[PDB]
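Enquirer: This is the structure alone, sequence omitted:
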RNA sequence: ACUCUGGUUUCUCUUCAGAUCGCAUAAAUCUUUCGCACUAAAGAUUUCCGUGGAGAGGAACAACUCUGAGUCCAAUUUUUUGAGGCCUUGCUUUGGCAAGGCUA
Ligand SMILES: O=P(O)(O)O[C@H]1[C@H](OP(=O)(O)O)[C@@H](OP(=O)(O)O)[C@H](OP(=O)(O)O)[C@@H](OP(=O)(O)O)[C@H]1OP(=O)(O)O
């Protein structure tokens, strides 16, 4: 849900101006952060 | 204005760290609370991601910038003079002292 949140955060700043709707936005650092912080927590679970 | 420290980088270990150890943020478990728990909150513990400090060990090139330490004044106002000489008493430790008056 959080990554979708960040998509809504990023796209609606990305798709302003002459940029319209479309699949061209990639500012991937926010979601990539979120999934790495998930990997931080489940690394010792899957390791155990 | 002459001389002796201390370096910096990197790899690793050990210990302390409730300090935004992290200008970022996970997960598990337990307990509590209400719902009726991914869509929910509290408290606590733990594990992870991965820090600062100190100590130690290796190995790479810099070695005295830095942090330190050991290492030109005679004219009013101070350090280039108002300084020296005479008289009375108390005692003379008979050398003279103390006070006052002087004279320059
Ligand atoms: O917000 P979501 O439910 O996750 O859906 C979004 C949304 O589509 P909808 O508006 O129809 O809901 C975006 O559109 P806008 O928010 O801009 O209006 C669209 O982005 P673009 O239209 O700008 O391309 C995006 O597509 P994507 O994330 O693939 O870029 C799409 O996500 P979905 O792929 O899940 O439909």
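Expert: That came through, no problem. Residues are numbered from 1 along each chain as shown, chains lettered A, B, ... in the order given.
Enquirer: for the strand or helix carrying residue A:13, packing partners?
Expert: According to DSSP states H and E, residue A:13 maps onto helix A:2-14. Where contact means 3 or more CB pairs under 8 Å, 6 or more residues apart in numbering; DSSP states H and E, helix A:2-14 is packed against helix A:29-47. Using the backbone N, CA and C atoms, a C-beta is placed for each residue, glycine as well.
Enquirer: and the angle for the helix it packs on with helix A:2-14?
Expert: Helix A:29-47 and helix A:2-14 meet at an angle of 170 degrees, taking axes from the mean of the first three to the mean of the last three CA atoms, to 10 degrees as the criterion.
Enquirer: what's in contact with helix A:29-47?
Expert: Residues from elsewhere that reach helix A:29-47 (CB atoms under 8 Å, 6 or more residues apart in numbering): A:2, A:3, A:6, A:7, A:9, A:10.
Enquirer: By proximity to RNA strand B, which residue of chain A wins?
Expert: residue A:41 (2.1 Å; CB to the nearest atom of the strand).
Enquirer: Give me the nearest residue to residue A:21, chain neighbours excluded.
Expert: Nearest residue to residue A:21 in three dimensions, chain neighbours excluded: residue A:15, at 6.0 Å (CB to CB, 6 or more residues apart in numbering).
Enquirer: coming back round to it: and the contacts of helix A:29-47 near RNA strand B, which?
Expert: The subset of the contacts of helix A:29-47 within reach of RNA strand B, by CB under 7 Å from any atom of the strand, is residue A:2.
Enquirer: Adding distance to residue A:21 and neighbour count, write the contacts of helix A:29-47 out as a markdown table.
Expert: Below are those laid out as a markdown table (distance: CB to CB, whole Å; neighbours: other CB atoms under 10 Å):
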| residue | distance to residue A:21 | neighbour count |
| --- | --- | --- |
| A:2 | 22 | 13 |
| A:3 | 19 | 14 |
| A:6 | 17 | 17 |
| A:7 | 13 | 15 |
| A:9 | 16 | 12 |
| A:10 | 13 | 17 |
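Enquirer: want to throw the contacts of helix A:29-47 into JSON lines with distance to residue A:34?
Expert: Converted to JSON lines, the contacts of helix A:29-47 look like this (distance: CB to CB, whole Å):
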{"residue": "A:2", "distance to residue A:34": "5"}
{"residue": "A:3", "distance to residue A:34": "5"}
{"residue": "A:6", "distance to residue A:34": "7"}
{"residue": "A:7", "distance to residue A:34": "11"}
{"residue": "A:9", "distance to residue A:34": "12"}
{"residue": "A:10", "distance to residue A:34": "12"}
